[PDB]
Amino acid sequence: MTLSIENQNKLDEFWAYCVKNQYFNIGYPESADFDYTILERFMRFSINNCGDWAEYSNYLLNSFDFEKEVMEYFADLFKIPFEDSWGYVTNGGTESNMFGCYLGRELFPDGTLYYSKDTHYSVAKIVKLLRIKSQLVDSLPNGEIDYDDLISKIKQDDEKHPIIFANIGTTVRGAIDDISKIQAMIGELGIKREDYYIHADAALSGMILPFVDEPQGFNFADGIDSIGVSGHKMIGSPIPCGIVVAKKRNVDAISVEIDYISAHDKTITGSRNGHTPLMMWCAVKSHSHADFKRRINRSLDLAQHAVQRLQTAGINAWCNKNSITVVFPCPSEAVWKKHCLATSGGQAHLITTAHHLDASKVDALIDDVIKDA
């Protein structure tokens, strides 16, 4: 017995619904312009990247060789020498952000973890999971952490080892927590850079800032301890994956040697997706530095186009520097529902992802918006 008829129908129905809604996305960050056609055929094989890609697995079907080259592409792109970097292709930004917060928690067991109000809900999950001590920090109106309130709270807490959760591209407002500012302000409290942690959540903007003229602080040159990127968000992927990149010195230090049983690798998962590493390898090798930059200039311009056409009209819309998230006041139940806009407190937004080769879908928006004014 193969699939019934009602079941075969459901599947084929679903395919049509996906064809229908393939390029639906205007409000979320998941870019839908990829071609991994050439990889469809590898779904034939039981591929398993269980374990560290740097070590070896008797489980022969694994993309470790391709995972290695993705980790060397990101090492270099985030300006850490690959020899000095450790990380892997995760199941999403969340696993990437959990790994980083895990890294900080192990280095600074007593450390309070600090995170703004404009931080991804995923950090709530992480904080419960890792039973880690947490202090919420206020947000500036553009979505940035209230840096001043961070330091105020770091002092009241009398915290010697703060774990800084830095939002590098806020979900709602596209904000970027200036890690260079933070470092200076925590330097000014007389805390050494060695005695505290900074994790970059860069789900979206980790594949923006590297192809921008004047990037904010985010990378390893800029002095972070670990970064998380979402493969599926900006590069585009059919399967959610993540890249996490940390300092080997830190990763190595936190020895996973338990009551008799020895976790043989520094990964959070057991058996890992081996298909997504191929998917990430293709995207990263099928686009030059210049090809991504093009894609992001077009995304950035379009987001300017949208502020413009809206600013000309009554509407006080804006876009943070290097953001592709245009924030404006939230309109009718029609508009947000009929474009799938993420709406969160008197504010909607669109993201000018690069599956828009054209503003057609975006002007389609602004027209249904100016019609309220």
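Position 1 is the first residue in the sequence shown; the rest follow in order.
Undergrad: Mind pulling up the entry and telling me whether 13-21 or 359-367 has the higher mean Cα temperature factor?
TA: It is 359-367 that shows the higher mean C-alpha B-factor.
Undergrad: May I ask you to compare 140-148 and 255-263 by their mean CA B factor in the entry and name the higher one?
TA: Per the PDB record, 255-263.
Undergrad: Looking at 110, 213, 222, 76, which has the biggest Cα B factor in the entry?
TA: The C-alpha B-factor peaks, among 110, 213, 222, 76, at 213.
Undergrad: Looking at 58, 322, 46, 325, which one carries the largest C-alpha B-factor according to the PDB entry?
TA: Largest recorded C-alpha B-factor: 58.
Undergrad: Can you tell me which third, lowest, middle or highest, the CA B-factor of residue 193 falls into for its chain?
TA: As the PDB entry reports it, the C-alpha B-factor of residue 193 lands in the middle third of its chain.
Undergrad: What third of the chain does residue 299 rank in for C-alpha temperature factor, lowest, middle or highest?
TA: CA B-factor rank for residue 299: highest third.
Undergrad: How does the C-alpha B factor of residue 53 compare with the rest of the chain: lowest, middle or highest third?
TA: Within its chain, residue 53 is a middle-third residue by C-alpha B-factor, going by the deposited values.
Undergrad: Residue 34's Cα B-factor: lowest, middle or highest third of the chain?
TA: Ranked within chain, residue 34 CA B lands in the middle tercile.
Undergrad: Grab the CA temperature factor for residue 201 from the record and place it in the lowest, middle or highest third of its chain.
TA: It falls in the bottom third of the chain.
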